[PDB]
Amino acid sequence: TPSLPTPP
Amino acid sequence: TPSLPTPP
Amino acid sequence: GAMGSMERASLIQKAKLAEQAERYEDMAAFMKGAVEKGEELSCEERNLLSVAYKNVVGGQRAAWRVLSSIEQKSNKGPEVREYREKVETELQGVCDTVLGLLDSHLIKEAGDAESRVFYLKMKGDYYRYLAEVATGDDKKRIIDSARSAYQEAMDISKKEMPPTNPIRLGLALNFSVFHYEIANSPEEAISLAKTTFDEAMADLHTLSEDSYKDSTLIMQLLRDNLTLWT
Amino acid sequence: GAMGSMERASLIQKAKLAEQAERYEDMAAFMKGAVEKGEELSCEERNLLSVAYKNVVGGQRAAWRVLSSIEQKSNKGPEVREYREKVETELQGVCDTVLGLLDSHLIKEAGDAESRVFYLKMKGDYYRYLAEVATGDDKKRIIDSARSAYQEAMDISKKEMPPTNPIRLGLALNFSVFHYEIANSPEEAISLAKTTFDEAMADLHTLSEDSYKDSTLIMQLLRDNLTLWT
Ligand SMILES: *Cc1ccc(-n2ccnc2-c2ccccc2C)cc1Br
Ligand SMILES: *Cc1ccc(-n2ccnc2-c2ccccc2C)cc1Br
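Chain C has the name 14-3-3 protein sigma in the PDB entry, where Homo sapiens is given as its organism. Its UniProt record, at the heading Sequence similarities, says of chain C: "Belongs to the 14-3-3 family."

Enquirer: When you look at the overall build of chain C in this model, what are you seeing that I'm missing?
Expert: In terms of helices and strands, chain C carries nine helices and zero strands. Going residue by residue from the N terminus, the α and β elements of chain C occur as α-α-α-α-α-α-α-α-α. If one aligns the C-alpha atoms of chain C with their principal axes, the spans along those axes are about 60 × 50 × 30 Å. The buried share of chain C, taken over its 230 residues, is 50%. Total accessible area on chain C is roughly 11,400 Å²; 46% of this is exposed by carbon and sulfur atoms.

Enquirer: Hey, could you run me through the pattern of salt bridges in this one?
Expert: Two side chains with opposite charge may pair up if their charged atoms get near one another. Per the counting criterion, the structure on display carries 30 salt bridges over all chains. Between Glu199(C) and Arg168(C) there is a salt bridge whose closest N-O contact spans 3.8 Å. On the criterion of sequence distance, the pair formed by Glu199(C) in helix 8 (residues 186-203) and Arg168(C) in helix 7 (residues 166-181) is long-range, its members being 31 residues apart. Overall, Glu199(C) belongs to the partly exposed group, its relative accessible area being 42%. Among the residues examined, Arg168(C) registers a relative accessible area of 12% and is labelled buried. When the shortest N-O distance is used, the salt bridge between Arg23(D) and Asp26(D) registers 2.8 Å. Summarising the burial analysis for this pair, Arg23(D) and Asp26(D) share the class buried. Via salt bridges that share partners, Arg23(C), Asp26(C) and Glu90(D) belong to a single interconnected network.

Enquirer: Even after reading the chapter, I still don't get helix 1 (residues 8-20) of chain C, so can you show me in this structure?
Expert: Since the α-helix turns once every 3.6 residues, residues separated by three or four places project in the same direction. Over its 13 residues, helix 1 of chain C runs 19 Å from end to end, which matches the ideal 18 Å to within 8%, given 1.5 Å per residue. Inspection of helix 1 of chain C places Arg8(C), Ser10(C), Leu11(C), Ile12(C), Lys14(C), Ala15(C), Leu17(C) and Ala18(C) among the buried residues, and these make up the whole buried set. In the core, the buried residues of helix 1 of chain C are packed alongside helix 2 (24-36) and helix 3 (43-74) of chain C together with helix 3 (43-74) and helix 4 (79-109) of chain D. Following helix 1 of chain C by one or two positions, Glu22(C) has its phi on the positive side, about 55°.

Enquirer: Would you take a moment to explain the nonpolar core for this structure?
Expert: The tendency in soluble globular proteins is for nonpolar side chains to be buried as a group. The biggest cluster of nonpolar side chains holds 129 residues, and the ones touching the most others in it are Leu49(C), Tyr119(C), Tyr126(C), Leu49(D), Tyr119(D) and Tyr126(D). Here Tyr126(C) is in contact with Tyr53(C), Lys54(C), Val57(C), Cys95(C), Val98(C) and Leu99(C), once residues within four sequence places are set aside.

Enquirer: Quick question: what am I supposed to make of the site of ligand 2 here?
Expert: In the region of ligand 2, 13 residues are neighbours, and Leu4(B), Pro5(B), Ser50(D), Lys121(D) and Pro166(D) sit closest. Proximal residues around ligand 2 fall on chains B and D, making this an inter-chain site. Protein contact buries 87% of the 470 Å² of open area that ligand 2 shows by itself. Counting only elements with at least two residues in the shell around ligand 2, the list comes to helix 3, helix 5 (113-133), helix 7 (166-181) and helix 9 (209-229) of chain D. Sort the elements by how many residues they give to the shell around ligand 2 and helix 9 of chain D lands first, with three residues.

Enquirer: Could you clarify how one ought to interpret the layout of surface pockets in this entry?
Expert: Vacant regions in the atomic arrangement are exposed by a probe of water-molecule size rolled over the atoms. In this structure, the largest pocket encloses a volume near 1,100 Å³. Lining the largest pocket we find 30 residues, and of these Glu22(C), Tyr24(C), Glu25(C), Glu22(D) and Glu25(D) sit closest to its centre. The class makeup of the residues in the lining of the largest pocket is 12 nonpolar, eight polar and 10 charged.

Enquirer: Where do I start with a negative patch on the surface in this structure?
Expert: Taken together, the side chains of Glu39(C), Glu40(C), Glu109(C), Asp112(C), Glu114(C) and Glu160(C) define an acidic patch exposed on the protein surface. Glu109(C) gets classed as partly exposed once you look at its relative accessible area, which sits at 47%.

Enquirer: Is there a simple way to think about the site of ligand 1 in this case?
Expert: Not every one of the 13 residues close to ligand 1 is listed here, only the nearest: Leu4(A), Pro5(A), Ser50(C), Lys121(C) and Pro166(C). Near ligand 1, the surrounding residues belong to chains A and C. Against a free-state accessible area of 470 Å², the protein chains account for coverage of 88% of ligand 1. The set of elements that each furnish at least two residues to the shell around ligand 1 consists of helix 3, helix 5 (113-133), helix 7 and helix 9 (209-229) of chain C. If one sorts the elements of the shell around ligand 1 by residue count, helix 9 of chain C sits on top with three residues. Here the shell around ligand 1 is composed, by residue class, of nine nonpolar, two polar and two charged.

Enquirer: Explanation requested: the arrangement of the chains in the structure shown.
Expert: Looking across the three pairs of chains in contact, one finds the most contacts between chains C and D. Between chain A and chain B there is no contact, and the shortest C-alpha to C-alpha separation is 29 Å. What separates chain B from chain C at the closest point of their C-alpha atoms is a distance of 19 Å, and the two make no contact.

Enquirer: In this structure, what is going on with the interface of chain D and chain B? I would like to understand it.
Expert: If you look at the interface, chain D gives 18 residues, while chain B gives eight residues. Contact with chain B buries surface across chain D, with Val51(D), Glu181(D) and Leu221(D) losing the most and accounting together for 25% of the total. For the pair chain D and chain B, the number of links is zero salt bridges. Secondary-structure elements contributing two or more residues to the side of chain D that touches chain B are helix 3, helix 5, helix 7 and helix 9 of chain D. Among the elements that take part in the side of chain D that touches chain B, helix 9 of chain D stands out by supplying seven residues, more than any other.

Enquirer: It is not clear to me how the relation of the copies chain C and chain D should be interpreted in this structure. Could you clarify?
Expert: To go from the first copy of the chain to the second, apply a rotation about an axis and then a shift along the same axis. Under the fitted operation, chain C is carried onto chain D by 0.0 Å of movement along the axis and a turn of 180°, and the coordinates agree to an RMSD of 0.0 Å. Accordingly, the operation relating the two chain copies is best matched by a two-fold axis. Residue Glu25(C) of chain C places its C-alpha closer to the rotation axis than any other residue of that unit, at 6.1 Å.

Enquirer: Would you explain the interface of chain C and chain D in this entry?
Expert: One frequent convention defines the size of an interface as the accessible area lost when the parts assemble. Counting from both sides, the interface comprises 22 residues of chain C and, opposite them, 22 residues of chain D. Here chain C and chain D share an interface that buries about 2,000 Å² over both sides, 59% of which is from carbon and sulfur atoms. Considering only the surface of chain C that becomes buried against chain D, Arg23(C), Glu79(C) and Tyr83(C) emerge as the three largest contributors, covering 32% of it. Across the chain C-chain D interface, the total number found is four salt bridges. The partner of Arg23(D) in a salt bridge is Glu90(C), and the shortest N-O contact between them spans 2.9 Å.

Thresholds, definitions, all that
Positions are assigned from 1 on a per-chain basis following the written sequence, which can diverge from the numbering of the entry; residues without coordinates are not listed. Chains carry letters and ligands carry numbers; both start at the beginning, A for chains and 1 for ligands, and go up in the order they are written. Water and hydrogen atoms were dropped before computing side-chain values, which therefore reflect all heavy atoms in the structure. UniProt positions are given in the numbering used here, feature names are shortened, and annotations may be inferred rather than shown by experiment. Starting at the N terminus, helices and strands are each numbered in turn, a helix being any DSSP run of H or I of at least four residues and a strand any DSSP run of E of at least two. Residue exposure (1.4 Å probe, protein chains only): buried if accessible area is under 20% of the type maximum, exposed if over 50%, otherwise partly exposed. In this description, accessible areas are obtained by the Shrake-Rupley approach with a 1.4 Å probe, and a residue is regarded as covered only by the protein chains that are shown. Any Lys or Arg side-chain nitrogen found within 4 Å of a carboxyl oxygen on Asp or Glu counts as a salt bridge. The span one expects for a helix is its residue count, reduced by one, times 1.5 Å. Contacts between residues were defined by any pair of non-hydrogen atoms, one from each residue, lying within 4.5 Å. Residues belong to one nonpolar core when they are buried, are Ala, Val, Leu, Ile, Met, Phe, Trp, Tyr or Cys, and are joined through side-chain atoms within 4.5 Å. The rule for a residue being near a molecule or strand is that one of its heavy atoms must lie within 4 Å of it. A 1.4 Å probe that fits but cannot get out identifies a cavity on a 1 Å grid over protein atoms alone, an open set with protein on both sides within 12 Å along at least five of seven lines counts as a pocket, and a residue lines either if it has an atom within 4 Å of a point. Grid points are joined across faces, edges and corners, and a volume is the space filled by probe spheres set on the points. Charged residues are taken to be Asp, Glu, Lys and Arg, nonpolar residues to be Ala, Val, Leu, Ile, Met, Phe, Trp, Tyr, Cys and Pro, and polar residues to be all remaining types, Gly included. Surface patches are defined over residues having more than 30% relative accessible area and no salt bridge, joining like charges when they lie within 9 Å and nonpolar side chains (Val, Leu, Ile, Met, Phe, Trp, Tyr) when within 5 Å. Positive charges come from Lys and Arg alone, negative charges from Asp and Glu alone, with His and the N- and C-terminal ends not counted. Charge coordinates come from a single atom per side chain, which is NZ of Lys, CZ of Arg, CG of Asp or CD of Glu. Note on terms: buried area is the combined drop in 1.4 Å-probe accessible area of two parts once they are placed together, counting the loss on both. A least-squares fit on the C-alpha atoms is what superposes the copies onto each other.

This is the structure:
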C-alpha cells in the first residue's frame, strides 16, 4: 500500500 | 543533443 | 563528522541544491551534518531532512523488494541471498542513522506539537522500514517500537493539532499503512483512515484556499488506500 | 580491490541483479571487479560494463548541468561553486576509472573488430564527458583524446563491420554528437549522421527481422538528431 509521498 | 541511450 | 567543518547555513543551502540536482545521498549527508550542529530544526529544515532520507531509503527498499522477490522465486548459488543481505544491511544502516539523529537529540528538544509529532512520525516510519526486513529475535520489539512512536505522535496530534493539519494527516496515513502492512491489522487500518478522513472533511470549512489544497491532497491519499483495501 | 575475493562469475551475476534493482553504482563496482580479473569480456559482459557506467555518469552529468546552470545565473557565497566542483570532481573520478579500465588492459587485448570498436567508442565517450566540464590547460588535449579514440573506432568499423552493425551506428551517433556539442563542428556532425543513415538504409535488405529492428532503432535516433540540427 502507498504511504505518504514527498510533498508536491 | 541526445547521444546513444542504453539498449532497449 | 565529515560535515563538522561546514557552516550550518551552508549545509542547508547545499541540501537545497542537492535536492534540485536529485542528489539525495548528498542531501541526506548535508542534513545529517546540519542536525549534528546541535540546534533545533525549523519547519523547512525538518522537511529537508525528511525528503532526503525518504529518497535514500526509498531506493534501498525498492531494490530490496526486487531482490527479495528473485530470492523467493529461487526457492542456484549464494549470490542472490548475499546481495539481498548487502542491500538489507545498507538499508538498516540508514534507518539506524535516522533513528540515531532522532534520539540524539531531536526528539528530546522538540517541545512544540508540530516538531514533536513530526519527529515521532519519522521514528515510527523508520522502525517500520526496519520491520519490513526483520526476521530475528527482536522483530516483535521492532514492530512495537514503531507502534509506540506512532501512538505517541497520534496522542499529541489529537490534543494539539486540528484534524486537517498535514502532519497529523500524514501521520494517520502512515500509521494506517503500519496497521495494514506490518501489524496484520487491516480492520484497524481501515478504521483509522476512515475516521481521519471524516474528521478532516468536517474541518475543511475553516481553511484558507492554500491550506485546503494541502489537506485535501492527503485526504485523497487516505481515500485511495481505503479504495485499495475495500 | 574490494571485489578481489569474489568469483568472476559471481560478480557478473550480481551485476545483472544490480541492474534489475536499479542499483547502478553497485553494478559498476561489480563490473569493475570483473574487468580486474584480467580476462577478456564477452559481448554481454561489455554491455553490462557500459550500462553500469553510463547510468552512474549520467546521473552525475545531469546533476552537474543543474548546478552549472544555477552557478551561471548567480553570475551570494561560495556554496554553489563548491558543490558544483564536488560533483565535477566525482564525475572526473568515474571517467578516470573507466578510462583506466580501458587502458589497463581492455583495449590492448581486444583484437576482434567488435570488441576493439566497442572499447574505443567508450574511450571517446568518457573523454567527451571529461571535455564537457573541462576548462584548464589540458582542455584541448582532452578534446583531442576523444576525437582520436572515436576516429580509430570509425576507421576500424568502416573496414571490418557492415554499415548496419549497432556498434558502428552507435559510434557514429556519438561521434556526431561530439562534433556538434564539443568540437563546434555542426556541419561535420550533420554530414556524419546523414552518411551513416544513408549507408545503413542501403544495407537493411540483408538483415533478419531482429537485426533490422536493432539497426532501424539507431537510425531513428540519427534522424532525430538531424531533425533537431536542421
Ligand atoms: C509526514 C508529513 C506530512 C505532511 C507533510 N507536508 C508538509 C507540507 N506539505 C506536506 C505534504 C506532504 C505530502 C503530501 C501532501 C502534503 C500537503 C510532510 C511530511 Br514529512
Ligand atoms: C555503443 C553501443 C551501440 C549499440 C549497442 N547495442 C547493442 C545491442 N543493442 C544496442 C542498442 C543500444 C542502444 C540503442 C539501440 C540498440 C540496438 C550498445 C552500445 Br554500448
